[PDB]
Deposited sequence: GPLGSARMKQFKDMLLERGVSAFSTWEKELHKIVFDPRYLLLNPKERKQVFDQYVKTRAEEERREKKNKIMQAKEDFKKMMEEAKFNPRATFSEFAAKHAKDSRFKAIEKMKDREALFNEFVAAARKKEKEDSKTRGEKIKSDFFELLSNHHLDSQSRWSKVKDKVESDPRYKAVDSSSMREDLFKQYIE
């Protein structure tokens, strides 16, 4: 949405005549100087529109390139025809090992965060009750067997051990 029809036309001309975004005005001038639309702006205005056309086009290209790369991953990574998208095998394997060697690294996490969680939830379960050294698992079991923080501990014996830990 550039100000005026006059400048729109100049911008258009820049595109149609293939003026580069990585060059000097002095060296691109030859692509436009013979074009009737060149006559529609004074020098200051010519500079305005050129500077804007060059900044805008470089950024669009820089970005088109990146967003294509990131998008190719996010789809290769998602398929786990999106396989062909990546070129070679050398590239599409430092990635097939990005996912797998990060999907196992999410379990030297997930099996520990949930790990300590089953435990702490069993302690928290226990702490809802008034317990001490005199407390006896026989009489306590019955109070908390319905609860989900209890069922979560899958070893009837390990439950007992925990309650022993908690009572020490």
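Comparing the deposited sequence with the modelled residues shows gaps at 1, 82 to 102, with numbering starting at 1.
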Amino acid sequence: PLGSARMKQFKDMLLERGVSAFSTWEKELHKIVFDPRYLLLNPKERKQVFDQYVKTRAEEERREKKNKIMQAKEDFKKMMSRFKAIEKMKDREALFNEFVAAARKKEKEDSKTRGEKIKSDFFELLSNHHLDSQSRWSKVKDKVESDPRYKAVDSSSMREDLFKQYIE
From here on, numbers count along this sequence of modelled residues.
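Comparing 6 to 14 with 150 to 158, the higher mean C-alpha B-factor in the PDB entry belongs to 150 to 158. Judged by mean Cα B factor in the deposited record, 62 to 70 ranks above the other of 62 to 70 and 127 to 135. Out of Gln48, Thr56, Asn42, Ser111, it is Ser111 whose C-alpha atom has the highest B-factor in the PDB entry. Sort the chain's modelled residues by C-alpha temperature factor and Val33 lands in the lowest third, per the entry. In this PDB entry, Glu26 carries a Cα temperature factor that places it within the lowest third of its chain's modelled residues.
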